[PDB]
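Methodologically, a virtual Cβ is constructed for each residue, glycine included, from the backbone with ideal geometry; neighbour enumeration extends over all protein chains shown. Any read-out appearing in this document is the output of simple, stated calculations on the displayed coordinates, not a laboratory observation.
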Amino acid sequence: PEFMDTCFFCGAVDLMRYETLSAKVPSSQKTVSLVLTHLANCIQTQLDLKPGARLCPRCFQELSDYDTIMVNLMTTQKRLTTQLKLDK
Amino acid sequence: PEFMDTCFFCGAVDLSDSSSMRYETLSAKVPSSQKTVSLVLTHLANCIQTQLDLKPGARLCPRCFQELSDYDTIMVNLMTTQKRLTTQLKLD
Ligand SMILES: [Zn+2]
Ligand SMILES: [Zn+2]
Ligand SMILES: [Zn+2]
Ligand SMILES: [Zn+2]
């Protein structure tokens, strides 16, 4: 029977299901492909995303959580800067 | 005392004699990073290409100090999460 899954960001569960790169991270609702091209960019490289690529649930969560931190950083930054601009 | 402290960031005044956890100098360290809360503010001024006169007896209400403390805490969870996942990407 067993057809078998492999994380593009680490390794192998004969599969808590594995995600395509078009899967959306929840906080921004942008594709998890876009979060991977963000991290590639943070270290001055290209990535090649085959239409094969899947993600373990662990990695999908890691990437989700990063995007989530990145959102709640950008929003609390605006709350605080717009406060700085204000009077009394 | 007679004790009248004014918040640099919201303008709340507190009038004392007093209380528990109360107003903070701009040298008070933010917990999860230990930059001085003046640095956190100089950072926020940069973000809107302005800068600030931190006049030398300035003060912060707890709530504002909490709020800057937590921004600092988020930025640190960005610093460390990002070292991890890019390092992960380098493995191939
Ligand atoms: Zn596909
Ligand atoms: Zn994985
Ligand atoms: Zn305040
Ligand atoms: Zn002082």
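At 222 nm, what helix-only mean residue ellipticity would the protein assembly as shown give, in deg cm²/dmol to the nearest 500, using -39500 (n - 2.57) for each DSSP H run of four or more?
-15500 deg cm²/dmol
A 32 angstrom limit on the alpha carbon distance is what I want to check against. Which of A:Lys78/B:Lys55; A:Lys24/A:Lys78; A:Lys50/A:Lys78; A:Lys24/A:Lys88 exceed it?
Over 32 Å apart, Cα to Cα: A:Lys50/A:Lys78; A:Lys24/A:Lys88.
Between the range B:34-92 and the range A:9-55, what's the alpha-carbon centroid distance in Å?
Taking the Cα centre of the range A:9-55 as reference, the centre of the range B:34-92 is 28 Å away.
With a ≥ b ≥ c the root eigenvalues of the C-alpha gyration tensor of the range A:8-61, is it rounded (a/c under 1.5), prolate (a/b larger than b/c) or oblate?
Oblate.
Taking only C-alpha pairs under 8 Å that are 6+ residues apart, what is the relative contact order of the range B:19-92 in percent? Before the final figure, lay out the partial values.
Numbers: 55 pairs, mean separation 27.5, N = 74.
It comes to 37 percent, rounded to a whole number.
Can you list the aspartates and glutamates whose alpha carbon sits under 18 Å from that of B:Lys90, skipping same-chain ones fewer than 8 residues off?
Filter leaves A:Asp48, A:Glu62.
Karplus couplings for the range B:48-62 from phi (6.51 cos²θ - 1.76 cosθ + 1.60, θ = phi - 60°), rounded to Hz, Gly and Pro as x?
Result, ordered by residue: 10, 5, 10, 8, 10, 7, 7, 4, x, x, 3, 8, 9, 5, x Hz.
Can you give the average number of partner chain beta-carbon atoms within 10 Å of each beta-carbon in peptide B:82-91, as a whole number?
Working: counts 7, 1, 3, 12, 7, 2, 6, 8, 2, 2.
Per residue, the number of nearby Cβ atoms from other chains is 5 on average.
If we count every other residue with Cβ under 14 angstrom of A:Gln46's Cβ, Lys/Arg +1 and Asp/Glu -1, where does the sum land?
0
Report, in cubic angstrom per residue, the convex hull volume of the C-alpha atoms of the protein assembly as shown. Numbers along the way, then the final one.
Numbers: hull volume 26.9 nm³, N = 180.
Hull volume normalised by residue count: 149 Å³.
How big is the antiparallel share of DSSP beta bridges in the protein assembly as shown, given as a percent to the nearest 5?
Antiparallel bridges: around 90 percent, rounded to the nearest 5.
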